[PDB]
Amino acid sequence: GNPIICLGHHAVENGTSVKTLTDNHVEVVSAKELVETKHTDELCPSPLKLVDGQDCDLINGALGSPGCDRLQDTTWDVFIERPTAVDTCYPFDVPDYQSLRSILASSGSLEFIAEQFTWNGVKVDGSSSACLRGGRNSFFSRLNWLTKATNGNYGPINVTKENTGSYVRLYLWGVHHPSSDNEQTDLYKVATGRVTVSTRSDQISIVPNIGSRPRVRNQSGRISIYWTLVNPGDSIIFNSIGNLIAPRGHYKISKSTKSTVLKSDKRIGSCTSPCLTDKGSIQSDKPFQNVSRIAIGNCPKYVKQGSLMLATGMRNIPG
């Protein structure tokens, strides 16, 4: 018998299966899971600045609807809209609603820059029983419902604001579509109204349309919400013969800013995570995740697979 010396390697009792280019099931000593499958079940309020809309969606928030007052001057990285949000004010619709939501979400702020306006020849601060605040008739806090003056006419409206500042302004305004001709004349004298809002470079003109619409909060008429941007240097004119829902000022557009809105259900926790999904927060170093394709922040990329094991050891050959 001569001495022998053998070279070998380690082997554990229980290996882990990985895939390779040629094999579905190959047992190795150790492996790491690359697909994150777990989330927190609460939204973490840090490091991202969250604002919870609770019962207002972002637009009701921007218009100043009754449930929304706590959202004034709010600023966010991510605004959270709740599936429990409800309309509380005069029924309205927004042509290209989605784009207004997108533009608001993106600017990241509900801090209103209030403005003095002189609306000549009309009653101001119109209120409605479809918009109750503390049990009393009220309206969108950011809008001004004008009607005809005590003595008669809707003195033609023609008011202008110059953008003196260094930021792009966003102006929110509306048109009232009444349910009858009685109501049209009762409110605006003129049989047929007109609202024209314009800058040096863009313009919108709306003739309101009468008729009965299903009753909401007892109301058959509607307000259509429009918006106009105004660059530094430009001006905006509000020209109306009737039916103008007037602005009380404007919002500041900070463009291309890391801000957004997340439609989620989960409560805001006290955890810390740089990654929010509609399903909860992800706390993970894994390159991939399957929790949700709605992922905001520093997140693993969404993939379909529920598992991808990376081998981190040699073939496991016990026995």
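In this text, residue numbers run from 1 along the sequence as written.
*Asks:* Higher mean Cα B-factor in the deposited model: 149-157 or 95-103?
*Replies:* Mean B over CA atoms: larger for 149-157.
*Asks:* Quick check on the record: does 189-197 or 162-170 carry the larger mean Cα temperature factor?
*Replies:* Looking at the recorded C-alpha B-factors, 189-197 comes out higher on average.
*Asks:* Between 110, 78, 130, 230, which one tops the list for Cα B-factor in this entry?
*Replies:* In this record, 130 carries the highest C-alpha B-factor of the candidates.
*Asks:* Have a look at 143, 241, 114, 71 and flag the one whose Cα has the highest B-factor in the entry.
*Replies:* Highest CA B-factor of the listed options: 241.
*Asks:* Where does the C-alpha B-factor of residue 28 rank in its chain, lowest, middle or highest third?
*Replies:* For residue 28, the deposited C-alpha B-factor lands in the lowest third.
*Asks:* Among the modelled residues of its chain, does the C-alpha B-factor of residue 270 lie in the lowest, middle or highest third?
*Replies:* Its C-alpha B-factor, which the entry lists for residue 270, ranks in the highest third among residues of this chain.
*Asks:* Going by the CA temperature factor in the PDB record, which third of the chain does residue 259 belong to: lowest, middle or highest?
*Replies:* It belongs to the highest third of the chain when residues are ordered by C-alpha B-factor.
*Asks:* Using the temperature factors of the C-alpha atoms in this entry, rank residue 39 within its chain: lowest, middle or highest third.
*Replies:* According to the entry, residue 39 has a C-alpha B-factor in the chain's highest third.
*Asks:* Sorting the chain's modelled residues by C-alpha B-factor, tell me whether residue 313 ends up in the lowest, middle or highest third.
*Replies:* Lowest third - that is where residue 313 ends up once the chain's C-alpha B-factors are sorted.
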